[PDB]
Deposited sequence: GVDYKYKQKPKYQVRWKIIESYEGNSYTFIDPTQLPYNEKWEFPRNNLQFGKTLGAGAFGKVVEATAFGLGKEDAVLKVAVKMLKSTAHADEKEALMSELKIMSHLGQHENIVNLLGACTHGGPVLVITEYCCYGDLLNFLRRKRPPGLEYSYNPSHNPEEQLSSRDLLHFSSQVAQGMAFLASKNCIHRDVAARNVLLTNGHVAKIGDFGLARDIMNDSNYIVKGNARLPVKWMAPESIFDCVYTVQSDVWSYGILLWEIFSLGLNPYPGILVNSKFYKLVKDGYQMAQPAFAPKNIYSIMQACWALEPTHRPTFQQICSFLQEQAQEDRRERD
């Protein structure tokens, strides 16, 4: 679904600090980048932030009620508490008074990784995206935070084509995206998450392996030509794994295979992945 802080790094608190408040009159809205069922994000210019800056602003749609306004405040609260990292879309501000709740984050000018992969690209660039995402994920794991939608569509590229992850669950067009199965991104999910609804850092690691396959296939849909149905679930349960992508060095495919261990404890950690990638 969306990002979640779990217990045991140690979790002292379950996450609004008004230090983040920014005046909404100092934002000018531009184009819409995307929207979900209850949320949307627009690009904006913010004047005097922290500096005149292109930023992304997340807000509710008209269709949202108090339940959704709370999920948005709850996302703002998680973001305020995690702290900053180069490979996360960072919180910059919020407007929680004088109007609808606005959450202000870094704008990533190159858009999403999936579309970038699909549109020259070098092997070193692919390895960098892979490392950048792994670093963001190790950061989250170090904060006892689970992502639960790791996927190329959910990695953004900013200046220097540096990759960032973020919690885009409220602004993700889920209802009109057939990769979410009546709604879960099943082709990216670990078996324990499909068959037991269990979600852990290790389940995120499985999804990371799927992301790697997307990157090194240059954006193929996972499990090419295979429909999500009974046969699909039996395959993954029975240990079926996608073939090595055309642009993956064998050592990178070995990371995927490791991420896809059926036993979650036999999967690597994100720090181990970063370490191996740096080598």
{"property": "Sequence ranges without modelled C-alpha atoms (deposited numbering)", "result": "1-13, 22-25, 33-36, 72-74, 144-161, 225-228, 326-335"}
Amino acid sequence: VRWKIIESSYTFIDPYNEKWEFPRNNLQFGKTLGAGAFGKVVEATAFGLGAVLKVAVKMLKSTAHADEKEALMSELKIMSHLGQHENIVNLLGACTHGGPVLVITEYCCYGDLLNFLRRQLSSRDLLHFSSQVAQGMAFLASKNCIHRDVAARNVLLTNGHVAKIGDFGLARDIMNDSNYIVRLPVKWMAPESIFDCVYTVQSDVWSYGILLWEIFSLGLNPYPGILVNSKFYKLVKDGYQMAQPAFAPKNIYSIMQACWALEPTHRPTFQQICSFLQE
From here on, numbers count along this sequence of modelled residues.
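For the two forms, the rigid core is made up of the largest set of C-alpha atoms that agree within 1.5 Å on superposition.
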{"item": "More variable segment, 105-113 or 170-178 [Cα RMS over structures in 6 other deposited structures of this protein, core-superposed]", "value": "170-178"}
{"item": "More shifted region, core-based fit in 6 other deposited structures of this protein, 27-35 vs 214-222 by CA", "value": "27-35"}
{"item": "Stretch with the higher entry mean CA B-factor, where the candidates are 16-24 and 260-268", "value": "16-24"}
{"item": "Between 139-147 and 189-197 (mean CA B-factor, as deposited), the higher", "value": "189-197"}
{"item": "Residue with maximal Cα B-factor (values as given in the PDB entry) among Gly111, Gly209, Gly99, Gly166", "value": "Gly99"}
{"item": "Highest recorded Cα temperature factor - choice among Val228, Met242, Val41, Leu218", "value": "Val228"}
{"item": "Third of chain Cα B-factors occupied by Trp213", "value": "middle"}
{"item": "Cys95 - which third its CA temperature factor falls in, relative to the rest of the chain", "value": "middle"}
{"item": "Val1 - which third its CA temperature factor falls in, relative to the rest of the chain", "value": "middle"}
{"item": "Assigned third (lowest, middle, highest) for the C-alpha B factor of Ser178", "value": "lowest"}
{"item": "Record-listed C-alpha B factor of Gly36: chain third", "value": "lowest"}
